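Student: My questions will all concern the structure given below.
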Amino acid sequence: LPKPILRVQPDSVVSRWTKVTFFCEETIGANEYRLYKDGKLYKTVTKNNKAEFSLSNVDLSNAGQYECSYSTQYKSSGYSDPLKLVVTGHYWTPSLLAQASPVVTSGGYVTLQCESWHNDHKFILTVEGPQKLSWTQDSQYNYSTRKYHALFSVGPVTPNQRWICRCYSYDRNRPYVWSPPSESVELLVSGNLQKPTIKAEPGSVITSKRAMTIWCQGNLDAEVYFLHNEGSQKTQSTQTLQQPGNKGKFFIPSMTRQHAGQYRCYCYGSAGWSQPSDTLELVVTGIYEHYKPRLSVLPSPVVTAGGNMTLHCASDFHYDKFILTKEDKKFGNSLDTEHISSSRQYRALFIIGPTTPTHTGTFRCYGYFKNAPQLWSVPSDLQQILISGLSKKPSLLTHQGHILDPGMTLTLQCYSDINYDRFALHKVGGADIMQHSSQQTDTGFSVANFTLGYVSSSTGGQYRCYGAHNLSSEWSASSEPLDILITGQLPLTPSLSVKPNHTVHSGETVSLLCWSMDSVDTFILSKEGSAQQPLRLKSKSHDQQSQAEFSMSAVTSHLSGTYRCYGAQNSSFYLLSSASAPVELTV
Amino acid sequence: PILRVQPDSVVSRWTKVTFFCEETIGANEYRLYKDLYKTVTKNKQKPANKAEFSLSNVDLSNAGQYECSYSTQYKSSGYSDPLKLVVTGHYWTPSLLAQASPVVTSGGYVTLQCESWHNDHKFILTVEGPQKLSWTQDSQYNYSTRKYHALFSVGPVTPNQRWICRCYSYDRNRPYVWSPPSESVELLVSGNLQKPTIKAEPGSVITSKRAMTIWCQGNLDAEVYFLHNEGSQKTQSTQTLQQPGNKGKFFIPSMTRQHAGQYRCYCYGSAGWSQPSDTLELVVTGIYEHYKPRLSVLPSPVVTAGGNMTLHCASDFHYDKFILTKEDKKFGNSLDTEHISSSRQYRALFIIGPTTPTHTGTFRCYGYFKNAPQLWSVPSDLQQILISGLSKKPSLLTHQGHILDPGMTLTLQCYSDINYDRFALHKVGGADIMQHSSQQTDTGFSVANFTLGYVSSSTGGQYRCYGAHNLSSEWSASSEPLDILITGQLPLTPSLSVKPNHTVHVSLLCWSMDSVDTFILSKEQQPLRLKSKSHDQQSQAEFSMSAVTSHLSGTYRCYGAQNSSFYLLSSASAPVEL
Ligand SMILES: *[C@@H]1O[C@H](CO)[C@@H](O[C@@H]2O[C@H](CO)[C@@H](O)[C@H](O)[C@H]2NC(C)=O)[C@H](O)[C@H]1NC(C)=O
Ligand SMILES: *[C@@H]1O[C@H](CO)[C@@H](O)[C@H](O)[C@H]1NC(C)=O
């Protein structure tokens, strides 16, 4: 019979009072297995090819050499190579933990629990001060954690003394006398002096794994600043930058989940403790990366001053609440998410009161859950809001004509008699807003180049322009609407007709007509170099053909003539048909 | 003075006590202050110089803090060190007090002390819940206060259960026979759920003895909101307005010292406790009304956008710090007070970075001490700041003429081509700024009439004008300066002369024997300035024109002025008609 193999989990060197299991692996199938400890029968396991020997809570006596044997009814033969099980004792140093938090109001108590691995009857808590205060407690035994502990209630805490606690344990009459001390647990006292001002230089919202600093500047007689996280964390700083005034540095290399939450600066000085700082809430983003939210604005990203505006942030994921932020700073408050039964979206409408110039900026929305208020989602694609104002209306004129072809490039241009430092272009129905600086032309007024790429079907619409000053943050009023029309998209093609003679006199009249057998809702007259708004007429169909009369009264030589006519439908108000054969009239 | 008690400060019940107020000086009257309680008058006619305050048969109500004052008729000054008078009861009912504060972090302990005046050996602390938790402690005896007490450490506190503690006392040999309970002390748990938003409708800064409301709106699954003052106070509200959402009402009839400090809203609901609200700091003003501070601005109450500006608030009293407020809201932070050794003033300079339109408003400054950060002084006389902007320059014209004499009323008028909703007038060197509504004249531009009272010597100066829009908070640029000149202030009167002919188809001269620095020509129009060259001890000035037109025909007068006052003119000069 082949020799068996004995395994141990965990490793052969185990700490005291920890469960261990002996695994006896054998390829043959054995009716029973026998574990021999130091040459004596210790255990016997029957059935279940591998058998286990569980030794929960290993004591010092259980340490030694072990052997496993496997047996069949017909024969047993093999003894395994012995594996030495070694038990390691525990340290005598006790553990001192603020059972609630180091925060204490003046004249109050904070409960501290001191645990250790001693059979010692009594524990001691001492405070580092001119007078030495001691508390003596008996050791209680917790059967679940298998550890001896004792709770202390230090106090009453006076706001003039610095409280640093250390724990000791001993027995009354044993040679080893006292145990080594625990780690110093310092209490945070809510004094009566003036509160320090806590700030965050990068901001209160930081993406994960990035650096940030937390500084609180308080009284000039301070000595030590404490940065207490409400997630039960505490950082201590003594060396503070003296210039200018007392400023306590707290640096975090990379933000994680354990660094988010509310923070308060506690301050001890020459005149005692001080009132705690304001609750600065830190927020770590970059979690929940899969479902990025999306934000949009109604009715337009540019609204008049003092008007209704509703921002809409929704996500396919079941977020609990949505929070809006402007720039890197929090904005407004949190709103619950509403589950639309149809669109499968969790919605939240950020209704805003009468608009103010302060609302102008860059908005983002985040998603998070109630159980983790400081763990936000990935930021959403930014949505820029620009509230208009009551300044003088700039003018938006277009080189190269209104009605364009796909193969030409349009560069929009906005100017204003008032010296505006910056101009903004907006397309009605769009979301993005383009901002360009203004250059001082020789005529003395500002001019902004708004370059636009190759004209495509999307480019047609309505463009408005706004002005602003450098120091100012309030934008101007809207500029007169600008209709950009795109030709050559609709298959239908109209035909043009002229009523009278080609050579009309300086006072003659001409009613022209463009008609088409195919259905056309509106017709548009175009002039060569039509920098002017083309004339739009609805179409009245006497025959199966749609037609429209563009009457001309008291024509002049400047009006050389009218050349092409275009068709349009109600489905797309500003996407025009192809051109009609040109017709040149001469006055 | 020193206040003595016989017997000791801790007296048995129903026993007579006497207060001795010993003072080396002789005082006409004595006043005992409890927490004015009694007054004995001895106008030195009485032999003894010390007065007694007999409190026969002391009950529980007499316990508290006591102060004695001694006064001379001409002055009173001294308060004595308060001696805590403790009355000891014999009854069974115990008292339960949160030794620190009801605030608890989830999974922690809060120490509660239960004291009583009985010889009961054991105390019990019970929590009001479905599961019954009990703590049994032996009574420790304090020999100083002669009262039996026992400390309890309730916990661990779970953020899912509502913790309401009541204390009982009993005897060891018999159980189930408890004494009546103490007042229910409910712990405030710092949960992990979403934090409520705490607000104050009137504001965070309120004058004393006035009413205010504190509302915190949190989760819609809440049940009870707790408003905990960091001065160890707690208000509980259950009935909340359902529409719209859960809103907890907290009303205070009159604000006092005990209502100031930082407040936080703790919230318990169906899903457990929640993180406490933000630390809303309440401040009660109207205290220290004796020494009102004063605030001023340099260089001018109207500065250009993005410029240096320093606000100066000082007071004769030794305040620790000064705080600036805009409107009813706090602004900036606190600044230490600097004791100027010469002017006996405690100074604080509020330096402001590059100006922003948000700084436009109404500023006040308060004084307070470090030991009481929420007890501020009486508000100072307001100082209004109006930051200018980059809008189009308005125009400033004056009906009824520029140069006026006293006993006349001047109505200033400011217009601008841009539709401005509101106009503001400023006088260079002044502090106040006048704001008027705008009138839309038929010409298409806005116009504001700025009425000025009876013209006096002080009223002369330099007035500027600014424009604004309703929705906007950014003001316009400055309007061209307007110099107002006052006639009839200097006794000397100059004379004018014309050389050629009465009927011109010419350099004029205004002369004065007395020393005169500058001369001012006036048209019966922007006045003309002439410097004086002193030939033969007389001052004179020639005004050349190099050309003449029909419009220039008129009556021209000259006034005198000195460098000491640029806008205080002399009396009128005899007319000369061209
Ligand atoms: C704004 O755009 C125009 C063109 O889009 C710039 O230049 C003018 O271009 C037209 C024809 O394209 C010429 O007839 C003009 O003579 C050009 N003007 C000048 C001054 O060269 C114009 O310069 C742009 N503005 C700025 C500040 O770059
Ligand atoms: C066309 O115009 C010419 C002159 O321009 C005129 O003589 C002629 O009669 C006109 N004919 C018609 C048909 O209108």
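In the structure tokens, chains take the letters A, B, ... in the order shown, each chain's residues start at 1, and ligands count up from 1 in the order shown.
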Dump the neighbourhood of ligand 2 as a list in words: all residues within 10 Å, distances computed on only C-alpha atoms and all ligand atoms.
Tutor: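 Result of the 10 Å neighbour search around ligand 2: residues 499, 500, 501, 502, 503, 504, 505, 586 and 587 of chain A.
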Student: Those same residues - N, CA and C atoms - I'd like them written as a PDB file, in the first residue's frame.
Tutor:
ATOM      1  N   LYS A 499     -43.561  88.109 -65.665  1.00  0.00           N
ATOM      2  CA  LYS A 499     -44.861  88.550 -66.154  1.00  0.00           C
ATOM      3  C   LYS A 499     -44.720  89.443 -67.380  1.00  0.00           C
ATOM      4  N   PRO A 500     -43.894  90.505 -67.343  1.00  0.00           N
ATOM      5  CA  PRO A 500     -43.901  91.441 -68.466  1.00  0.00           C
ATOM      6  C   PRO A 500     -42.593  91.432 -69.237  1.00  0.00           C
ATOM      7  N   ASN A 501     -42.281  92.589 -69.811  1.00  0.00           N
ATOM      8  CA  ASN A 501     -41.094  92.764 -70.628  1.00  0.00           C
ATOM      9  C   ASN A 501     -39.839  92.559 -69.789  1.00  0.00           C
ATOM     10  N   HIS A 502     -38.759  92.136 -70.448  1.00  0.00           N
ATOM     11  CA  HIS A 502     -37.484  91.997 -69.746  1.00  0.00           C
ATOM     12  C   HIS A 502     -36.889  93.344 -69.378  1.00  0.00           C
ATOM     13  N   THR A 503     -37.090  94.361 -70.212  1.00  0.00           N
ATOM     14  CA  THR A 503     -36.516  95.677 -69.950  1.00  0.00           C
ATOM     15  C   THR A 503     -37.628  96.573 -69.413  1.00  0.00           C
ATOM     16  N   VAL A 504     -37.885  96.420 -68.119  1.00  0.00           N
ATOM     17  CA  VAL A 504     -38.810  97.281 -67.396  1.00  0.00           C
ATOM     18  C   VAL A 504     -38.140  98.621 -67.138  1.00  0.00           C
ATOM     19  N   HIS A 505     -38.941  99.672 -67.031  1.00  0.00           N
ATOM     20  CA  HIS A 505     -38.399 100.991 -66.753  1.00  0.00           C
ATOM     21  C   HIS A 505     -38.259 101.202 -65.246  1.00  0.00           C
ATOM     22  N   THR A 586     -33.488  93.074 -66.617  1.00  0.00           N
ATOM     23  CA  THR A 586     -32.739  94.320 -66.651  1.00  0.00           C
ATOM     24  C   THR A 586     -33.715  95.488 -66.657  1.00  0.00           C
ATOM     25  N   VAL A 587     -33.568  96.393 -65.695  1.00  0.00           N
ATOM     26  CA  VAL A 587     -34.425  97.570 -65.635  1.00  0.00           C
ATOM     27  C   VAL A 587     -33.919  98.635 -66.605  1.00  0.00           C
TER      28      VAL A 587
END
Student: Applying 7 Å and only C-alpha atoms, which residues near range 250-262 of chain B remain after dropping the ones on its own chain fewer than 3 positions away? List them as JSON, numbers by chain.
Tutor: {"B": [208, 209, 210, 211, 212, 213, 214, 215, 229, 230, 231, 279, 280, 281, 282, 283, 284, 374]}
Student: Using only C-alpha atoms, find the residues of chain A whose closest atom to chain B is at most 8 Å away, then write them as a ChimeraX atom specification.
Tutor: /A:99-101,104-111,153,192-194,278-279,305-306,356-357,370-373,389-392,418,469,471-472,474
Student: Based on DSSP run over this structure's backbone, return all residues of range 203-321 of chain B in strand (DSSP E), as a ChimeraX atom specification.
Tutor: /B:205-207,212-217,222-229,233-237,247-248,251-252,261-269,272-273,280-285,294-298,309-315,321
Student: Using only C-alpha atoms and all ligand atoms, which residue out of A:119, A:440, A:570, A:562 lies closest to ligand 1?
Tutor: A:440
Student: Pick out the residues sitting within 7 Å of residue 252 in chain A, and hand them over as a list in words; count only C-alpha atoms, and ignore anything fewer than 2 positions along from it in its own chain.
Tutor: residues 211, 212, 213, 250, 254 and 255 of chain A
Student: Find the residues near range 537-552 of chain A: any atom within 7 Å, counting only C-alpha atoms, skip ones fewer than 6 places away on the same chain, and give them as a list in words.
Tutor: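 Non-adjacent residues within range: residues 509, 510, 511, 512, 513, 514, 515, 516, 517, 518, 519, 520, 521, 522, 523 and 524 of chain A.
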Student: For the residues in that selection, give me N, CA, C and O atoms as a tab-separated table (two decimals), in the first residue's frame.
Tutor:
chain	number	residue	atom	x	y	z
A	509	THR	N	-43.46	97.54	-63.11
A	509	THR	CA	-43.78	96.52	-62.12
A	509	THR	C	-43.69	95.13	-62.74
A	509	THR	O	-43.89	94.95	-63.95
A	510	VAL	N	-43.36	94.15	-61.90
A	510	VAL	CA	-43.18	92.77	-62.33
A	510	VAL	C	-43.68	91.85	-61.24
A	510	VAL	O	-43.19	91.90	-60.10
A	511	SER	N	-44.67	91.02	-61.55
A	511	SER	CA	-45.09	89.94	-60.67
A	511	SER	C	-44.52	88.65	-61.23
A	511	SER	O	-44.94	88.19	-62.30
A	512	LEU	N	-43.59	88.04	-60.51
A	512	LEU	CA	-42.98	86.80	-60.97
A	512	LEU	C	-43.62	85.60	-60.28
A	512	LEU	O	-44.18	85.71	-59.18
A	513	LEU	N	-43.51	84.45	-60.93
A	513	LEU	CA	-44.19	83.24	-60.48
A	513	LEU	C	-43.27	82.05	-60.65
A	513	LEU	O	-42.74	81.83	-61.74
A	514	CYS	N	-43.07	81.29	-59.58
A	514	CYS	CA	-42.41	79.99	-59.69
A	514	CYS	C	-43.40	78.90	-59.32
A	514	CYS	O	-44.00	78.93	-58.24
A	515	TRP	N	-43.55	77.92	-60.22
A	515	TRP	CA	-44.55	76.88	-60.08
A	515	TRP	C	-43.90	75.53	-60.30
A	515	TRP	O	-42.87	75.41	-60.97
A	516	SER	N	-44.51	74.50	-59.73
A	516	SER	CA	-43.99	73.14	-59.83
A	516	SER	C	-45.16	72.17	-59.73
A	516	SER	O	-46.04	72.34	-58.89
A	517	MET	N	-45.15	71.16	-60.61
A	517	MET	CA	-46.19	70.13	-60.55
A	517	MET	C	-46.14	69.37	-59.23
A	517	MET	O	-47.17	68.92	-58.74
A	518	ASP	N	-44.95	69.23	-58.65
A	518	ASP	CA	-44.81	68.52	-57.39
A	518	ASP	C	-45.20	69.43	-56.23
A	518	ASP	O	-45.14	70.66	-56.32
A	519	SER	N	-45.62	68.80	-55.13
A	519	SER	CA	-46.08	69.53	-53.96
A	519	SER	C	-44.96	70.35	-53.32
A	519	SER	O	-43.89	69.82	-53.01
A	520	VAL	N	-45.22	71.64	-53.12
A	520	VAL	CA	-44.28	72.56	-52.47
A	520	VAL	C	-45.07	73.43	-51.51
A	520	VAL	O	-46.09	74.02	-51.88
A	521	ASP	N	-44.60	73.52	-50.26
A	521	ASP	CA	-45.32	74.28	-49.25
A	521	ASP	C	-45.06	75.77	-49.37
A	521	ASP	O	-46.00	76.57	-49.42
A	522	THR	N	-43.79	76.17	-49.42
A	522	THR	CA	-43.41	77.57	-49.53
A	522	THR	C	-42.35	77.74	-50.61
A	522	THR	O	-41.55	76.84	-50.86
A	523	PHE	N	-42.36	78.91	-51.25
A	523	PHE	CA	-41.37	79.27	-52.25
A	523	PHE	C	-40.53	80.45	-51.76
A	523	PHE	O	-41.02	81.31	-51.02
A	524	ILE	N	-39.27	80.46	-52.17
A	524	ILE	CA	-38.30	81.46	-51.73
A	524	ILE	C	-37.61	82.05	-52.95
A	524	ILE	O	-37.01	81.32	-53.74
Student: Name the residues in contact with residue 141 in chain A at a cut-off of 12 Å, using only C-alpha atoms, excluding same-chain residues fewer than 4 positions from it; report them as an MDAnalysis selection string.
Tutor: chainID A and resid 114:122 145:151
Student: Enumerate residues in contact with ligand 1: an atom-to-atom distance of at most 7 Å, counting only C-alpha atoms and all ligand atoms. Format the result as a list in words.
Tutor: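 So the residues close to ligand 1 are residues 411, 413, 438, 439, 441, 447, 448 and 449 of chain A.
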Student: So how far away is CA of residue 45 in chain A from CA of residue 26 in chain A, in Å?
Tutor: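 Those two atoms sit 13.7 Å apart.
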Student: Contacts of range 289-298 of chain B at 12 Å or less, counting only C-alpha atoms, minus same-chain residues fewer than 4 places along, as a PyMOL selection string?
Tutor: chain B and resi 207-208+285+302-303+307-319+321-325+345-352+362-368+375-386+429-432
Student: Please indicate the distance in Å from CA of residue 428 in chain A to CA of residue 462 in chain A, rounded to one decimal place.
Tutor: 5.2 Å
Student: Can you pull out the residues contacting residue 40 in chain A? Cut-off 10 Å, using only C-alpha atoms, and skip same-chain residues under 5 positions away; I want them as a ChimeraX atom specification.
Tutor: /A:35,66-67
Student: Atoms to include: N, CA and C atoms. Write the selected residues as a PDB file, in the first residue's frame.
Tutor:
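Output contents, as saved in out.pdb:
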ATOM      1  N   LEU A  35      -5.500   9.900  12.728  1.00  0.00           N
ATOM      2  CA  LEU A  35      -4.475  10.911  12.946  1.00  0.00           C
ATOM      3  C   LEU A  35      -3.746  10.624  14.254  1.00  0.00           C
ATOM      4  N   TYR A  66       2.511  15.285  13.930  1.00  0.00           N
ATOM      5  CA  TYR A  66       1.270  14.630  13.536  1.00  0.00           C
ATOM      6  C   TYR A  66       1.520  13.675  12.376  1.00  0.00           C
ATOM      7  N   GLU A  67       0.805  12.549  12.383  1.00  0.00           N
ATOM      8  CA  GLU A  67       0.887  11.543  11.332  1.00  0.00           C
ATOM      9  C   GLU A  67      -0.520  11.094  10.963  1.00  0.00           C
TER      10      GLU A  67
END
Student: Based on the backbone DSSP call, show me all residues of range 219-425 of chain B assigned helix (DSSP H, G or I), as a list in words.
Tutor: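 Those in range 219-425 of chain B that DSSP calls helix (DSSP H, G or I) are residues 257, 258, 259, 357, 358 and 359 of chain B.
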Student: Could those residues be written to a file, using N, CA and C atoms, as a PDB file, in the first residue's frame?
Tutor:
ATOM      1  N   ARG B 257     -29.052  84.391  24.528  1.00  0.00           N
ATOM      2  CA  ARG B 257     -27.699  83.842  24.539  1.00  0.00           C
ATOM      3  C   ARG B 257     -27.718  82.322  24.450  1.00  0.00           C
ATOM      4  N   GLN B 258     -28.707  81.683  25.078  1.00  0.00           N
ATOM      5  CA  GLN B 258     -28.772  80.228  25.112  1.00  0.00           C
ATOM      6  C   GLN B 258     -29.215  79.622  23.787  1.00  0.00           C
ATOM      7  N   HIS B 259     -29.623  80.443  22.819  1.00  0.00           N
ATOM      8  CA  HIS B 259     -30.036  79.957  21.510  1.00  0.00           C
ATOM      9  C   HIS B 259     -28.973  80.148  20.437  1.00  0.00           C
ATOM     10  N   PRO B 357     -18.604  92.497  -9.399  1.00  0.00           N
ATOM     11  CA  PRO B 357     -19.963  93.043  -9.246  1.00  0.00           C
ATOM     12  C   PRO B 357     -20.739  92.437  -8.089  1.00  0.00           C
ATOM     13  N   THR B 358     -20.363  91.242  -7.625  1.00  0.00           N
ATOM     14  CA  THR B 358     -21.039  90.641  -6.479  1.00  0.00           C
ATOM     15  C   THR B 358     -20.810  91.443  -5.204  1.00  0.00           C
ATOM     16  N   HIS B 359     -19.683  92.158  -5.113  1.00  0.00           N
ATOM     17  CA  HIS B 359     -19.383  92.948  -3.924  1.00  0.00           C
ATOM     18  C   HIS B 359     -20.319  94.140  -3.760  1.00  0.00           C
TER      19      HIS B 359
END
Student: Quote the spacing between CA of residue 12 in chain B and CA of residue 55 in chain B in Å to one decimal place.
Tutor: 13.1 Å
